[PDB]
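This is what each chain is made of:
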Amino acid sequence: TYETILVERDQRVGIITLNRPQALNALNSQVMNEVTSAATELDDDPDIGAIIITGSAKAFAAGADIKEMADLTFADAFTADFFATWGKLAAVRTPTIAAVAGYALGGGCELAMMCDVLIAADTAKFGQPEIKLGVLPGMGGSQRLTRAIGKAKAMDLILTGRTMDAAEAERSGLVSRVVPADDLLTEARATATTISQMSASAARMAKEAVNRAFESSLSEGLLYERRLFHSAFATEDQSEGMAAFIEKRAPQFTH
Amino acid sequence: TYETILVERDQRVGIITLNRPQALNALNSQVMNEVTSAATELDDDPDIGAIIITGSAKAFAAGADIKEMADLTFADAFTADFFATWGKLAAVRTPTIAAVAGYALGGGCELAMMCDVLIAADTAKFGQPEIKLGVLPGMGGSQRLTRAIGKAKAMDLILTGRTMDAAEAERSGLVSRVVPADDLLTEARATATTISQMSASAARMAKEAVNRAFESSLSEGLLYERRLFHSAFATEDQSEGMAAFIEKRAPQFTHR
Amino acid sequence: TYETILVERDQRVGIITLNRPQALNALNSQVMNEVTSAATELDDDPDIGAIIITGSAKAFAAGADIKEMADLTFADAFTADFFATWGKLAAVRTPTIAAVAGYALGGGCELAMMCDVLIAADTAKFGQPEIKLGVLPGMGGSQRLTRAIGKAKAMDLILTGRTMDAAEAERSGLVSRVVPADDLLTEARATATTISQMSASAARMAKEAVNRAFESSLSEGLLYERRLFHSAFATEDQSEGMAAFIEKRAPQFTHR
Amino acid sequence: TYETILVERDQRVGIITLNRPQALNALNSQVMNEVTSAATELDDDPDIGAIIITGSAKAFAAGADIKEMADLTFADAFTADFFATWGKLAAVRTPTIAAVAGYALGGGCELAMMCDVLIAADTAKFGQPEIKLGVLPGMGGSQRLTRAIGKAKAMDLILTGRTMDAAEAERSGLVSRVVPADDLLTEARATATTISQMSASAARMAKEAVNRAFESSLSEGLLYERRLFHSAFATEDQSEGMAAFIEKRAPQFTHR
Amino acid sequence: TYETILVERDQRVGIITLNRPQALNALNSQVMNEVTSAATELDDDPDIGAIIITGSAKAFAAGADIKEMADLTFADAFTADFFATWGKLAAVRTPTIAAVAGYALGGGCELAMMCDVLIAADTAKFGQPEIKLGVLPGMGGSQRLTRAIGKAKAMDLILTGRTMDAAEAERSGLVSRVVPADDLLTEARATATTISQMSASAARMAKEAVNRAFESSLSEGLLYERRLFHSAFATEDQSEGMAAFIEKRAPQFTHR
Amino acid sequence: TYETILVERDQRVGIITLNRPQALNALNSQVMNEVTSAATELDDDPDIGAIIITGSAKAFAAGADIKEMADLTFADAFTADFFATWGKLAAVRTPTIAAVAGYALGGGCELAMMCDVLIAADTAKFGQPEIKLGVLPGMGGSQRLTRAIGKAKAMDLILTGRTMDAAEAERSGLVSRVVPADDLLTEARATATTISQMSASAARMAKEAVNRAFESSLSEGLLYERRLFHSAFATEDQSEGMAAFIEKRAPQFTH
Ligand SMILES: [Ca+2]
Ligand SMILES: [Ca+2]
Ligand SMILES: [Ca+2]
Ligand SMILES: [Ca+2]
Ligand SMILES: [Ca+2]
Ligand SMILES: [Ca+2]
């Protein structure tokens, strides 16, 4: 029973769909709490190996509920640690896939960037326009956008509020793949299926290793990866993976 | 009255134009001192919300004055802290826009990369060729180029001295937008106007937050941004910006 | 005498060619030891200024031998520090160029990423497919890929095992330049020649500076580069390089 | 209802007392879940301004239960992320004080180090002896000990398993203050009272700033602190605190 | 002619003496501007090799002028970048020595910590008490105190406002040496003289290298130091220093 | 056959003793090469679990051979990467113990700081005096001294060249323990014996974890430690360690 989202399970794939169509899936505190609660529940479910987050064909998530912020003081925001709960999504250990159609603006752009894989429809429009409302990004946009697309384009988007289409996003580093709008959900599901049929521990360790690339020097990331790599050979799925390859068959991992 | 640059102010936009046409705007010590002095002055002017740096249609800046460096010893360079003063431009709090036409080579490329936004003419040509003079980049090119375009291309440019055209620069991460050469100054001024009409507080905070992305772990950058975002709720412009949006009217920012 | 590679010297260019056609140039512990040994020997040779690593037209390197990995436990892997020796290649001070044709998959992709410059044939195919075997990258793939092409694409490649063609690799940050397959070795030799004819001191310093971009804050990288730049003024090649420019002649470098 | 701890509230001070005398307050998964749950609940209570964690006169906490650790494999440890939940204690925003009497060994030493302030009885004994069981620190001991007392002493403690008495701990960086054993709880309550009667906003900001000192370069830490300091001028307690000082009266804080 | 400080030069030693005796040398905006201006001027003087900052026998500096802060909004503080100018003292390349007698509280403690060497009178009293005024440290105390004395003691000082005497400061990491109060200025001048008679290049490099220890990983700091050390071999003072040692004579440094 | 050092093995302890008594064990290129070669050989020997480095009662190592540096140009030093080979000592995976009596000055101070554990005789005198020779530390002193004893004291030592006695070094963070001069070698051997009788892999992992505390943020060090911790339970020695404790006997690790 969620009020702002829909959750479905199909095999080892969980799908969270934002469900505020009249508001173009704009994020509010309720969406934050529901999305993070569902994602965390899915993350702890051993029968789920990949999580998709998506919106509608018109909008993945177009901005935020401004009435919830308009009257905040610094003290209000600091005491609430406003938006901190979104960190629960980045903390999810299972691979997450943002399937982005139409508007992914402000908080919606930031939500997409929090996921590991980002599959965009050719209709995807990305932006961080809230400078127009007298504030800066507050859900990590200044950090993740910049790391994805570089300073020049991040500054342009964040200081002007201009939109970036799917093609620009794909050649700039923001998205994994662009697909036709009509195929977005099919393609996202296909990718989620592939990832969910990997070893759960291997896919988690791989994700963890990639995430280290933003948290330390290359020298420390290399050491971390190697130690993780060594540990993957303390697992049963590695031996099954190698058997399947030799026998030219599909692996049957126990996760 | 500067010797090597021209400075103009219109509304909330300041424009610094490199002006050594006899040398295709090659950078020297005087250009460094004047550009930084002018940018710092504009930064402290409350009636300026954006700063453009640009050169000519032939060259943003084509390298450096080599005679100023040819005879230097290590002691000379270390004592002078040669090039350190360019750090004053990075320290400017107001958003800066590089409008790059023609050659942006060596120091010129590094100057363009110091700015926040980079709008390039389709004529723009970028490079870091001073390996051919027996030195490496000294104005941050090895750091900013690599972060913008990745190791493989940065190494290629820096070790071979090859130029990169505007199309390659744009798909590689170095430039914000490419526009036709005839429209460069018009487009740059339009972008600067847009930025200068934003809340000065919000724009300063947004720029500062973006800059943190290169200075610490993602985890620390995220905390910094969130706290700066919380601070924004103590500003008049946060209240007015959101009120104006809710009330379907134009915001009247006061820059506080 | 090497069993798995060939080593050639042409003027100031060394070329290491992977030579296991029976295994599509799959890497193993022997290839690791031989490549790193050869590269280190070339690195210490004052008559070499650039090093090319390459495979065949069909494969740069298609992966790693499975046999070796299934054989050991964790305490054994930890005690052997399996794959750590590849770090010797990153420690090479002389510029390195990967000339990649055909498959560069898994360890092969990782090897190419260890080099400074990466020139790809239009036939090149990159990827990290070993997740399909329940096996993680152990040669820096999770680190260098992510830093080259960004999180979204790196997560996609590493979690799904999909390949990336040359055009995508070029527009994403992974490769320096794409050239026709028939021209790969010619183009790589030309690039290596160009780099090897630069000042050895300037090239080494430039490479070292670029590498700093992944190891510290931008602020520290800028300081490191500026100080290395200052040191360059103690070198003969700085003096000659700049004198030659001013006097309109070809520089005559001594690599000092 | 807790099984392994007691929780008390006295004005603005919360006190969590480890209560497993039969095991010298050895930590286990149940103690981890209960301590973190209690601390989080206290952290979210606006009527609490400081949190004390303490054990008995004989032991703060003598280690961790061996039973739980021998029970699992690696894939199980990784899937459970064994000990990760202790991170909730580090995430507490309200100031925390460890009042340590007697044994604080292994996980017990690590728990004390997670707190902001550490007041030690003269009877306190610290150490990381689990290397003797072939077991590594898993609660941050290799990180916090080293940062507190330096490499030489941390390597000594962690590799040999030797204990460190209160005097050595105080002169080495591990503890805030040493007091007589009979006075520990009185002194800890007095310190907690003092902290809890400060502005809740100022105390939280100060703690957060100090914590930054271990997460980034000094340059970034200085910037973070200065900006948090700037934000403090949006708080009522800054206004009242400074007004009270100027008017020579006791400040009357509202924790806003 | 400064208002809040006195400046004296003798041989290669400059001395800045805080001079607000009516306020026990409490820091205000004017002190910040004058101290930084004077230090920057001394830094650029080739006949100065060391800079002392000191106050009176009663107080190095006892806090700050609170009236200047009491009425500030966040916007006021952010726009002013309140306290940022103190960064100019950290940017001084010449070695700085704080000679601390009596109270060094709040900003005064932070000022002492900005210097390279800290010589304390046995009368010295350190603290960071502005939590009692509803704010946290704003001049780097949360960063430098914590790095000097460790988390437990820094948290204790900053959250309670308690003072730390010279003995505790010296065994905790905050001060270089403690001397009798009557000998403080004599000892500070002797230390400054010793430092000022070293090669100015070598002393600048040594200080810069030490400062890197707080800005990056150990691995990066080690590379930086080694490269700066290599650069030293381009200096006349390296040649003369080592020649003088080998030849059993006094070095004649030229500061290049 | 070494010219400047002596190497002995006793059970699982290797001992490297600097042997240039007429020069107060001053470091030169030969000592660097011999010490690093012996340490690396000992590190690869499965019958060695701890390595001691020591000098004489008068001097652990008093400075360096200045004639080897006096005539160097920047180009010479950069081309040689002068002193880089000392990095081989820090790269040793087995625990290293510096047993320091008398002078440990300049390079000798730096050599002591490169080791993991530092046991000092009460006669130990530490210093970094080479500012007097117109250079700064070149073997990591500016990095390791500062991290050990704090800025104020590191700056004092490095800018003035003053010496620091054993008592000051011990209360400042530089040394693990101070013992009487007559007991230095006995105490160092005792400590080395203790460490060498731990599980080889556990002692290596513990050392590795501690070393991370200087290479990244606390958040990243904590993650690294936990993953390492999890991996220690993929080893046989852990189970033996726990059996021995329960049975109140000495463990018999297989390393
Ligand atoms: Ca791109
Ligand atoms: Ca507000
Ligand atoms: Ca020169
Ligand atoms: Ca106020
Ligand atoms: Ca101490
Ligand atoms: Ca020389």
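- Deposited coordinates in this entry are attributed by the record to X-ray crystallography, at a stated resolution of 1.800 Å.

## Describing the interface of chain A and chain B
Interfaces are often sized by the accessible area lost when the parts come together.
Step number 1: On the chain B side, the residues contacting the 44 residues of chain A number 57 residues.
Step number 2: Carbon and sulfur atoms supply 66% of the area that chain A and chain B bury against each other, a total of about 4,300 Å² over both sides.
Step number 3: Together, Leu136, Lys151 and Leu159 of chain A form the three largest contributors to the area buried by chain A at its contact with chain B, with a combined 16%.
Step number 4: Linking chain A with chain B are 5 salt bridges, by the criterion used here.
Step number 5: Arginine 177 of chain B is the partner of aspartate 156 of chain A in a salt bridge, and the nearest nitrogen-oxygen pair spans 2.7 Å.
Step number 6: Inspection of the chain A/chain B interface yields 22 residue pairs in polar contact.
Step number 7: With 8 residues, helix α6 (residues 151-160) of chain A is the largest single contributor of residues to the side of chain A that touches chain B.
Step number 8: Residue classes in the side of chain A that touches chain B are distributed as 22 nonpolar, 9 polar and 13 charged.

## Comments concerning the packing of helix α5 (residues 141-149) of chain A against helix α11 (residues 218-232) of chain B
Step number 1: In the contact formed by α5 of chain A and α11 of chain B, the axes pass within 8 Å of each other and the chain directions differ by 135°. It follows that α5 of chain A is oblique to α11 of chain B by the angle criterion. Across from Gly141, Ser142, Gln143, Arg144 and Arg147 of chain A in α5 of chain A, the residues of α11 of chain B making contact are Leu218, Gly221, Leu222 and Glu225 of chain B.
Step number 2: Within the contact of α5 of chain A with α11 of chain B, the residues separate by chemical class into 2 nonpolar, 4 polar and 3 charged.

## What to know about the coordination of the calcium ion (ligand 6)
Step number 1: Coordination sphere of the calcium ion (ligand 6), protein contribution only: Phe233 of chain E (O), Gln238 of chain E (OE1) and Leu72 of chain F (O), at 2.3 to 2.4 Å. Pair noted here: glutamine 238 of chain E is in helix α12 (residues 236-246) and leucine 72 of chain F is in the loop between β4 (59-62) and α2 (74-80), and the two residues belong to different chains. Across this residue pair, the class does not change: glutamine 238 of chain E and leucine 72 of chain F are buried.

## What about the coordination of the calcium ion (ligand 1)?
Step number 1: Listed as protein donors to the calcium ion (ligand 1) are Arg171 of chain A (O), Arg171 of chain B (O) and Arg171 of chain C (O); their distances from the metal cover 2.3 to 2.4 Å. Within this pair, whereas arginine 171 of chain A is found in helix α7 (residues 166-172), its partner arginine 171 of chain B is found in helix α8 (residues 166-172), the two belonging to separate chains.
Step number 2: The class of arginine 171 of chain A is partly exposed, set by a relative accessible area of 26%.

## Comments concerning the domain arrangement of chain B
Residues and elements named next belong to chain B.
Step number 1: Under the domain assignment used here, chain B contains domain 1 (1-198) and domain 2 (199-256).
Step number 2: Taking the mean C-alpha position of each, domain 1 and domain 2 sit 27 Å from one another.
Step number 3: Roughly 890 Å² of surface becomes buried between domain 1 and domain 2 when both sides are summed, with 46% attributable to carbon and sulfur atoms.
Step number 4: Broken down residue by residue, the surface that domain 1 buries against domain 2 is led by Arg93, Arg147 and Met198, which jointly contribute 51%.
Step number 5: Where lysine 207 meets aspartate 116, a salt bridge forms, and the shortest distance between an N and an O atom there is 2.7 Å.
Step number 6: Here domain 1 is connected to domain 2 by 6 residue pairs in polar contact.
Step number 7: Its residues placed into classes, the side of domain 1 that touches domain 2 shows 3 nonpolar, 3 polar and 5 charged.

## Observations concerning the domain arrangement of chain A
Residues and elements named next belong to chain A.
Step number 1: Domains assigned within chain A are domain 1 (1-198) and domain 2 (199-255).
Step number 2: Counting the surface lost from both domain 1 and domain 2, the interface buries some 910 Å², and carbon and sulfur atoms represent 46% of this.
Step number 3: Viewed at the interface, domain 2 and domain 1 are joined by 2 salt bridges.
Step number 4: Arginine 204 serves as the salt-bridge partner of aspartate 43, at 3.0 Å between the closest nitrogen and oxygen.
Step number 5: If you look at where domain 1 meets domain 2, you find 7 residue pairs in polar contact.
Step number 6: Its residues assigned to classes, the side of domain 1 that touches domain 2 shows 3 nonpolar, 4 polar and 5 charged.

## Here we look at the packing of aromatic side chains
Step number 1: In this structure the tally under the stated criterion is 27 aromatic pairs over all chains.
Step number 2: Between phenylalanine 83 of chain B and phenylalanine 229 of chain C, the ring centres sit 5.5 Å apart and the planes meet at 25°, which makes this aromatic pair stacked. Highlighted residues: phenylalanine 83 of chain B in the loop between α3 (74-80) and α4 (87-90) and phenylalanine 229 of chain C in helix α11 (residues 218-232), drawn from two different chains.
Step number 3: Exposure remark for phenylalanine 83 of chain B: the relative accessible area of 17% places this residue in the buried category.
Step number 4: Residue classification places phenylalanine 229 of chain C among the buried positions, given a relative accessible area of 2%.
Step number 5: Here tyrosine 224 of chain B and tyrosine 224 of chain D contribute two aromatic rings whose centre-to-centre distance is 6.2 Å and whose plane-to-plane angle is 65°, an arrangement assigned as edge-to-face. Of this pair, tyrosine 224 of chain B sits in helix α11 while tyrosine 224 of chain D is found in helix α11 (residues 218-232), placing the two residues in two different chains. Of the two residues examined, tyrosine 224 of chain B and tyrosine 224 of chain D, each falls in the buried class.
Step number 6: In textbook terms, an aromatic cluster arises when at least three aromatic residues are bridged by ring pairs, as seen for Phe82 and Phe83 of chain A together with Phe229 and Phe233 of chain B.
Step number 7: Between the NZ or CZ atom of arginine 93 of chain D and the centre of the ring of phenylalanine 78 of chain A, over which it lies, the distance is 4.7 Å.

## As for the pairing of strand β7 (residues 117-121) of chain A
On any regular strand, side chains alternate: one points to one face of the sheet, the next to the other face.
Residues and elements named next belong to chain A.
Step number 1: By the criterion of burial, β7 is predominantly enclosed, with 5 of the 5 residues buried.
Step number 2: Taking every second residue as pointing to the same face, both faces of β7 are buried, with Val117, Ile119 and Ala121 on one and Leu118 and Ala120 on the other.
Step number 3: Sheet topology note: the strand β5 (residues 96-100)/β7 ladder contains 4 bridges and is parallel. Bridged to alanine 99 within β7 is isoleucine 119.

## Some words on the sheet that holds strand β8 (residues 125-127) of chain C
All names here are of chain C.
Step number 1: The strand order across the open sheet formed by 4 strands is β4-β6-β8-β9, and the pairing between neighbours is mixed. Unpaired on one side and paired on the other, β4 (59-61) and β9 (164-165) mark the two borders of the sheet.
Step number 2: Note: strand β6 (residues 103-105) against β8, 3 bridges, orientation parallel. Residue pairing across strands places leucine 105 opposite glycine 127, the latter belonging to β8.
Step number 3: Sheet strands touched by helix α5 (residues 107-114): β4, β6 and β8. Its angle to β6, the strand with the most contacts, is close to 95°.

How each quantity is defined
Residues numbered from 1 in each chain as written, not as in the entry; some residues may be left out. Chains lettered and ligands numbered in written order. Heavy atoms only, no water. Residues with missing side-chain atoms left out of burial classes, pairs and counts. Contact = heavy atoms within 4.5 Å. Buried area = accessible area lost by both parts, 1.4 Å probe. Salt bridge = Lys/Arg side-chain N within 4 Å of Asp/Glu carboxyl O. Polar contact = N/O pair within 3.5 Å; in protein donor to acceptor, adjacent residues only side chain to side chain. Helix = DSSP H or I, 4+ residues; strand = E, 2+ residues; numbered from the N terminus. Nonpolar A, V, L, I, M, F, W, Y, C, P; charged D, E, K, R; others polar. Axes fitted to C-alpha atoms, helices over the stretch in contact; angles between N-to-C directions. Parallel < 35°, antiparallel > 145°, perpendicular 65-115°, else oblique. Donors = N, O, S within 2.8 Å, 3.2 Å for Na, K, Ca; no water. Buried < 20%, exposed > 50% of the residue type's maximum accessible area, 1.4 Å probe, protein only. Domains from an automatic or database assignment. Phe/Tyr/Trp six-rings, centres within 6.5 Å; stacked < 30°, edge-to-face > 60°. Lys NZ or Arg CZ within 6 Å of the ring centre and 35° of its normal. Pairing = 2+ DSSP bridges.

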